[PDB]
Amino acid sequence: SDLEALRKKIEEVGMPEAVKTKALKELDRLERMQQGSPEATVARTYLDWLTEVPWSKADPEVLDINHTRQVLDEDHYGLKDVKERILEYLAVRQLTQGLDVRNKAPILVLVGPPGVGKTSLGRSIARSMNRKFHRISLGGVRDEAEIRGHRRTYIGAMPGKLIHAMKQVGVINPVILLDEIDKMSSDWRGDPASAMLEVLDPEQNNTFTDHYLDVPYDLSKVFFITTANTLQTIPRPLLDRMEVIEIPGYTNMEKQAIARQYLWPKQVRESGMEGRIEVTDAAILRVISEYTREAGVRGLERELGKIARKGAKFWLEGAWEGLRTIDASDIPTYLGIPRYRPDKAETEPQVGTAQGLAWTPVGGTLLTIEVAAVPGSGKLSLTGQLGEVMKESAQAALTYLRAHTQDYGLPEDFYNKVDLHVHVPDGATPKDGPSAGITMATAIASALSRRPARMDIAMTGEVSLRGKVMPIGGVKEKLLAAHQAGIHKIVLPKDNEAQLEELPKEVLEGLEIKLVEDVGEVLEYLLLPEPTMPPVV
Amino acid sequence: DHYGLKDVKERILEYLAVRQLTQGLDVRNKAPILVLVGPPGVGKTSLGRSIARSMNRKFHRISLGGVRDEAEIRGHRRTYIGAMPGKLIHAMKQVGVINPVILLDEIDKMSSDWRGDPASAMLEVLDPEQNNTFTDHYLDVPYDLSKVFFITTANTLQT
Ligand SMILES: *[B]([O])([O])[C]([C]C1=[C][C]=[C][C]=[C]1)[N]C(=O)[C]([C]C1=[C][C]=[C][C]=[C]1)[N]C(=O)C1=[C]N=[C][C]=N1
Ligand SMILES: Nc1ncnc2c1ncn2[C@@H]1O[C@H](COP(=O)(O)OP(=O)(O)O)[C@@H](O)[C@H]1O
C-alpha cells in the first residue's frame, strides 16, 4: 500500500493549485516500480520532496529594530555606519509587509575581504528574525553545472542545490544566503547568470524554473543576503538591482576587541583546555602587530590556536597547577620568531627628513622620506624604487622651492650647485602615488636650509606648483596607522576636513590635526627656527 | 516620459515616418536602426519601455551581449528527450505580440565566440527579405519573423 501512501501525503500537504496538478498526473504514473524503471524509479525523488517540502509553514517576522540591534551588536563590533545601512535595508520591507513589498525592493549584498565578518552575519541576521540561516557555498560553481536541477533524463534527478535550500529548511519563509557570487564565469553555453536573475528577481522570486522540478516554485518570503569580495566578476544583469553595502575591514583596536572575547575562547575550548590557560590583553597586541598582517581576521585566530595547541602539548610535557598565564614576555616561545616588525616613529628632530603616511590594501604604513644636500652640479636623483608619478611630485615640490629661495632662507643657487637625493626606505617595495609631496616638500626644504624637521609630526598632502596643497586619498587607514605608531600631531589638507569623521572618536581626540591649504603653512610649522648644520656653499 | 529632450524625441519622429508613410514597400526595406549617445548621467533606455507603451505594444528583452551560444537564440534539435528552443521564439512566447520591441541589451560588450555569433543571428531577421525565412533546430520549418523593432542604444560603437 506504499504506492497508495503517496496519495495520503500528497493530498494532505499544502497545497497550492500551482503544485496541485503537478502530482495528479504522476500520482498514478509511477506505480510501475516492479520492472525497470525508466519512469517509476525516477519518481521517488519526485514526491519525497513534495511529500516533505513545507507549505505555508510561517514564522513571526520580527518587526522590532531593537530585537535586531540588541542582538546584532551581541555578535559583532564596530561597523557603526555599516550597521546603519544594515537596518536601512531591513525596515523597508516592514513598511509595506505582506503586499506591495515582495513585488519590488532592492537586494542586500555584502562585499569585503574574506577575513572580515561576511558569513557569521548571515547566521546573525537570520537568527535575529526567526528563520533558518543557510550558507550555500557557491565557491565551486563557475559554469552551467548546477544552478538549476537536471531534467528527468536520468534516475539521479536530485533537485538543484539552490532549491535544496528550500528542502533543507522546514519552513516556507527562510533566510537563504549565498557565498562569493564573483566566483563565476559567464563565457560559455548556459550563462550561469541567467537563472540567478529569476532566483533573485524582486518580481518573480515566487517562480523558480527548473528542469526536474518543472513547476516554478512559489516562495513568498525568501530573505536574501548576498556575499562577495569583488564587484567586477559579479554578473551585470544582477548587480544593477542590488543596494550593495560594503564591508570595510578592521582596525588595530577592534582587532584587539574581537580576539579578546570571541576568537580566543572559541579556540581555547576546542583546544582541549576548557579554561586552563589564558593570554593577557597586552600580549595579544604583539600577536595583533608582530604576526597579524591581514585585512580581515581570518589570519589572526590561526595564531592563537597555534598558541593553544603548542600550549596544550606543554601539559603532557609537564603539568602545571590551575591555569597558566601568557603575557607579551613569552609569546615567541609559542608562535616562533616574529615575522613583521612594527612601524614605530623616531621624536628627535632630524635634518632633511619627514614622516610620510602610506595607504596599503592591508592597512597603513609610516614611511620616512629622507633627503641629502651634497655639493654637486644640480642633478636630482630619486632613489628607492619610486613610482613614476611620485618622481613628478618631487620636482613639483622642488620647483616650488626654487621660486621661493628667499622666503624660507634657502641657498640662492641651490638649483645649480647642490645635487639633491631623495630616498624612501625600504628599497625593495614599489612606492607610488603624488600625495607624499607635502612631506617631500618639507625634507627638501629642511635639508637645504639646514634646519631640522621635527619627527613627532605626521604629514601627508599632494602639492601643486604655485603652492596650494591638494586633497589626498585614504585618510582613514593612514591616520589609524599614524596613531598606533604613537604620533600625536598630523598635517592634512583643508579639503580632507570632511572625511575626518570616519575615524573613531577616541583617535580624533588624540590627534591635533593641523589643517593646512598652502605649503607656506607647513614649512613654518615643521622647521626648527635655528641652523644646526653648516650649509653646502 | 522625461523632462526636456525637445532636441531628442523628434529624431525618432523623423524615423517612424519611413514606415507609416510607405507601407508594404519601404516599410521593411533595410531601414537604418537607431542609436543614441549622451553623458553617463542620464537614463537613456528609460525611454525604451515608453516606446511600445507609447504605441500600445508590449516589450521583451534578451541580453545580446550575453547572446554568445546556441542554448541562446539558436535552436535545440528535436532528437533529444528534452531541450528548450532558442530565446527568440521564447521571447515571442513570453509576449503575446508578434512584434516585441527589444533593446540591444548589453550588446555593447558583445563577444563573438563559438556557438553562433549573435551578429549572424540578427542578419536573418534584420534583412528585409530574410526575416520571413528563419530556421531553427527546435523546428526545421521556415518561420516567419514578422517584426522585432530593435531599439539600438549604447555608448560603444566599435566592437
Ligand atoms: B600617496 O600617493 O597616497 C602616498 C605617497 C607616499 C606616502 C608614503 C611613502 C611614499 C609615498 N602613496 C600611497 O599611499 C601609495 C598608495 C597609493 C598610490 C597611488 C595613489 C593613491 C595611493 N602606497 C605606497 O606607496 C606604499 C605603501 N606602503 C608600502 C609601500 N608603498
Ligand atoms: N564582528 C565580528 N565579531 C566577531 N567575530 C568576527 C567578526 N567579524 C568576523 N569575525 C570572525 O571572522 C571569521 C570569518 O570566517 P568565515 O565566515 O568562514 O570567512 P568569511 O569572512 O570569508 O565569511 C568568523 O570565524 C568570525 O568568528
# chains A, B, ... in the order shown; residues from 1 in each chain; ligands from 1
call {"tool": "residues_near_ligand", "arguments": {"ligand": "ligand 1", "cutoff": "10 Å", "atoms": "only C-alpha atoms and all ligand atoms", "output": "PyMOL selection string"}}
result
chain A and resi 354-369+384-387+389-391+393+423-440+459-462+471-475+477-478
call {"tool": "write_last_selection", "arguments": {"atoms": "N, CA and C atoms", "output": "compact mmCIF listing (two decimals), in the first residue's frame"}}
result
# COMPACT_ATOMS: atom_id res chain seq x y z
N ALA A 354 61.27 63.51 7.08
CA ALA A 354 59.86 63.72 7.39
C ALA A 354 59.16 62.38 7.51
N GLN A 355 58.00 62.40 8.15
CA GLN A 355 57.19 61.22 8.38
C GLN A 355 56.08 61.17 7.34
N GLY A 356 56.19 60.26 6.39
CA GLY A 356 55.17 60.10 5.38
C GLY A 356 54.26 58.95 5.73
N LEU A 357 53.00 59.10 5.35
CA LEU A 357 51.98 58.10 5.62
C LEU A 357 51.52 57.49 4.31
N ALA A 358 51.53 56.16 4.24
CA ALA A 358 51.22 55.47 3.01
C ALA A 358 50.06 54.52 3.22
N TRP A 359 49.14 54.53 2.27
CA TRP A 359 47.97 53.66 2.28
C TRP A 359 48.36 52.35 1.62
N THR A 360 47.89 51.24 2.19
CA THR A 360 48.05 49.94 1.59
C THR A 360 46.77 49.14 1.77
N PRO A 361 46.46 48.21 0.88
CA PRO A 361 45.19 47.47 0.99
C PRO A 361 45.02 46.69 2.29
N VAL A 362 46.07 46.61 3.10
CA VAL A 362 46.04 45.77 4.29
C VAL A 362 46.17 46.64 5.54
N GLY A 363 46.19 47.94 5.36
CA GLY A 363 46.25 48.83 6.49
C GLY A 363 46.97 50.12 6.11
N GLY A 364 47.79 50.61 7.02
CA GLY A 364 48.58 51.79 6.77
C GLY A 364 50.02 51.57 7.18
N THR A 365 50.90 52.41 6.66
CA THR A 365 52.32 52.32 6.96
C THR A 365 52.90 53.71 7.13
N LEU A 366 53.90 53.81 7.99
CA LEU A 366 54.55 55.08 8.29
C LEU A 366 55.91 55.11 7.62
N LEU A 367 56.00 55.80 6.48
CA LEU A 367 57.23 55.85 5.71
C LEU A 367 57.99 57.11 6.06
N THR A 368 59.31 57.04 5.93
CA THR A 368 60.20 58.10 6.37
C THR A 368 61.01 58.61 5.19
N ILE A 369 60.50 59.62 4.51
CA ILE A 369 61.24 60.25 3.43
C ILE A 369 62.47 60.91 4.02
N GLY A 384 65.03 54.57 -4.50
CA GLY A 384 64.17 53.79 -3.63
C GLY A 384 63.01 53.11 -4.30
N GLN A 385 63.14 52.72 -5.57
CA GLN A 385 62.07 52.07 -6.31
C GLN A 385 60.82 52.93 -6.35
N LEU A 386 61.03 54.23 -6.54
CA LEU A 386 59.94 55.18 -6.59
C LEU A 386 59.11 54.96 -7.84
N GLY A 387 57.81 55.18 -7.72
CA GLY A 387 56.94 55.17 -8.88
C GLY A 387 57.15 56.40 -9.73
N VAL A 389 54.92 58.39 -10.94
CA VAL A 389 54.08 59.52 -10.55
C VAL A 389 54.73 60.30 -9.43
N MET A 390 55.25 59.59 -8.43
CA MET A 390 55.83 60.26 -7.28
C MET A 390 57.03 61.11 -7.68
N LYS A 391 57.86 60.60 -8.59
CA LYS A 391 59.01 61.36 -9.05
C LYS A 391 58.59 62.70 -9.63
N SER A 393 56.05 64.42 -8.51
CA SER A 393 55.74 65.24 -7.36
C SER A 393 57.00 65.78 -6.70
N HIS A 423 65.47 59.60 -0.99
CA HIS A 423 65.38 58.17 -0.76
C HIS A 423 64.19 57.85 0.12
N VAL A 424 63.63 56.67 -0.08
CA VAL A 424 62.45 56.23 0.65
C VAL A 424 62.63 54.78 1.08
N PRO A 425 63.11 54.51 2.29
CA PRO A 425 63.25 53.13 2.73
C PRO A 425 61.89 52.48 2.90
N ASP A 426 61.81 51.17 2.65
CA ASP A 426 62.94 50.36 2.22
C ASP A 426 63.10 50.43 0.71
N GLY A 427 64.16 49.81 0.19
CA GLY A 427 64.48 49.94 -1.22
C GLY A 427 63.84 48.92 -2.13
N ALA A 428 63.08 47.97 -1.60
CA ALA A 428 62.57 46.88 -2.42
C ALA A 428 61.08 46.95 -2.70
N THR A 429 60.34 47.79 -1.99
CA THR A 429 58.88 47.82 -2.12
C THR A 429 58.46 48.96 -3.03
N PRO A 430 57.78 48.69 -4.14
CA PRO A 430 57.43 49.76 -5.07
C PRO A 430 56.50 50.78 -4.43
N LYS A 431 57.00 52.01 -4.32
CA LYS A 431 56.23 53.11 -3.76
C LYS A 431 55.80 54.05 -4.87
N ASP A 432 54.52 54.40 -4.86
CA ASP A 432 53.89 55.09 -5.97
C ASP A 432 52.83 56.04 -5.42
N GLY A 433 52.37 56.94 -6.28
CA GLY A 433 51.32 57.86 -5.93
C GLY A 433 51.86 59.19 -5.46
N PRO A 434 50.98 60.70 -5.75
CA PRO A 434 51.50 62.03 -5.70
C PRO A 434 51.29 62.68 -4.36
N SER A 435 50.77 61.93 -3.40
CA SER A 435 50.29 62.51 -2.14
C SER A 435 51.40 62.95 -1.21
N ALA A 436 52.53 62.28 -1.31
CA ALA A 436 53.59 62.50 -0.34
C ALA A 436 54.37 63.75 -0.56
N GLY A 437 53.95 64.48 -1.57
CA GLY A 437 54.61 65.69 -1.98
C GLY A 437 54.73 66.70 -0.89
N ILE A 438 53.73 66.85 -0.02
CA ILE A 438 53.85 67.78 1.06
C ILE A 438 55.03 67.40 1.91
N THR A 439 55.20 66.13 2.24
CA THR A 439 56.34 65.76 3.03
C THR A 439 57.62 66.03 2.35
N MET A 440 57.71 65.67 1.07
CA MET A 440 58.97 65.85 0.37
C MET A 440 59.24 67.28 0.37
N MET A 459 52.65 63.93 8.36
CA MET A 459 52.15 64.83 7.34
C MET A 459 51.89 64.05 6.07
N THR A 460 50.91 64.51 5.31
CA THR A 460 50.59 63.93 4.01
C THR A 460 49.71 64.90 3.25
N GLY A 461 50.16 65.32 2.07
CA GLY A 461 49.37 66.21 1.25
C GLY A 461 49.98 66.41 -0.11
N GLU A 462 49.18 66.23 -1.15
CA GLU A 462 49.64 66.42 -2.51
C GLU A 462 49.85 67.91 -2.77
N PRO A 471 43.89 67.77 -2.11
CA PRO A 471 43.39 66.63 -1.34
C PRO A 471 44.09 65.33 -1.69
N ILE A 472 44.06 64.41 -0.72
CA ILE A 472 44.66 63.10 -0.85
C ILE A 472 43.58 62.04 -0.67
N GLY A 473 43.97 60.78 -0.80
CA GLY A 473 43.05 59.68 -0.67
C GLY A 473 43.50 58.72 0.42
N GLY A 474 42.52 58.11 1.07
CA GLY A 474 42.77 57.13 2.10
C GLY A 474 43.15 57.69 3.44
N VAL A 475 42.54 58.79 3.87
CA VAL A 475 42.92 59.42 5.13
C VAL A 475 42.63 58.50 6.30
N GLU A 477 42.81 54.95 6.69
CA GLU A 477 43.83 53.96 7.01
C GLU A 477 45.13 54.61 7.44
N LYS A 478 45.49 55.74 6.82
CA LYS A 478 46.76 56.38 7.13
C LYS A 478 46.80 56.87 8.57
call {"tool": "residues_near_ligand", "arguments": {"ligand": "ligand 2", "cutoff": "8 Å", "atoms": "only C-alpha atoms and all ligand atoms", "output": "PyMOL selection string"}}
result
chain A and resi 75-79+113-120+179+258-259+262-263+296-298
call {"tool": "residues_around", "arguments": {"residues": "residue 13 (chain A)", "least_positions_apart": "6", "cutoff": "12 Å", "atoms": "only C-alpha atoms", "output": "list in words"}}
result
residues 6, 7, 19, 20, 23, 47, 48, 49, 50, 51, 52, 53, 54, 55, 56 and 57 of chain A
call {"tool": "interface_residues", "arguments": {"of": "chain A", "to": "chain B", "cutoff": "8 Å", "atoms": "only C-alpha atoms", "output": "PyMOL selection string"}}
result
chain A and resi 151+153+187-191
call {"tool": "residues_around", "arguments": {"residues": "residue 416 (chain A)", "least_positions_apart": "2", "cutoff": "7 Å", "atoms": "only C-alpha atoms", "output": "PyMOL selection string"}}
result
chain A and resi 377-378+413-414+418
call {"tool": "write_last_selection", "arguments": {"atoms": "C-alpha atoms", "output": "PDB file, in the first residue's frame"}}
result
ATOM      1  CA  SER A 377      76.057  70.106 -10.229  1.00  0.00           C
ATOM      2  CA  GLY A 378      72.311  70.304  -9.657  1.00  0.00           C
ATOM      3  CA  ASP A 413      71.870  78.963  -6.124  1.00  0.00           C
ATOM      4  CA  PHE A 414      70.830  75.543  -4.830  1.00  0.00           C
ATOM      5  CA  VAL A 418      73.516  71.387  -4.785  1.00  0.00           C
TER       6      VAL A 418
END
call {"tool": "closest_residue", "arguments": {"among": "A:167, A:490, A:215, A:110", "to": "residue 231 (chain A)", "atoms": "only C-alpha atoms"}}
result
A:110
call {"tool": "select_by_dssp", "arguments": {"residues": "chain B", "states": "strand (DSSP E)", "output": "PyMOL selection string"}}
result
chain B and resi 102-103+150-151
call {"tool": "write_last_selection", "arguments": {"atoms": "N, CA and C atoms", "output": "mmCIF file, in the first residue's frame"}}
result
data_model
loop_
_atom_site.group_PDB
_atom_site.id
_atom_site.type_symbol
_atom_site.label_atom_id
_atom_site.label_comp_id
_atom_site.auth_asym_id
_atom_site.auth_seq_id
_atom_site.Cartn_x
_atom_site.Cartn_y
_atom_site.Cartn_z
ATOM 1 N N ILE B 102 12.717 45.137 -28.630
ATOM 2 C CA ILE B 102 13.817 44.594 -27.844
ATOM 3 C C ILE B 102 14.980 45.571 -27.924
ATOM 4 N N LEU B 103 15.326 46.179 -26.795
ATOM 5 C CA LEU B 103 16.565 46.938 -26.715
ATOM 6 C C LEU B 103 17.751 46.009 -26.949
ATOM 7 N N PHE B 150 14.049 46.394 -32.999
ATOM 8 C CA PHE B 150 15.190 46.658 -32.137
ATOM 9 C C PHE B 150 15.336 48.154 -31.916
ATOM 10 N N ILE B 151 15.529 48.547 -30.663
ATOM 11 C CA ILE B 151 15.884 49.919 -30.324
ATOM 12 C C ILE B 151 17.346 49.893 -29.906
#
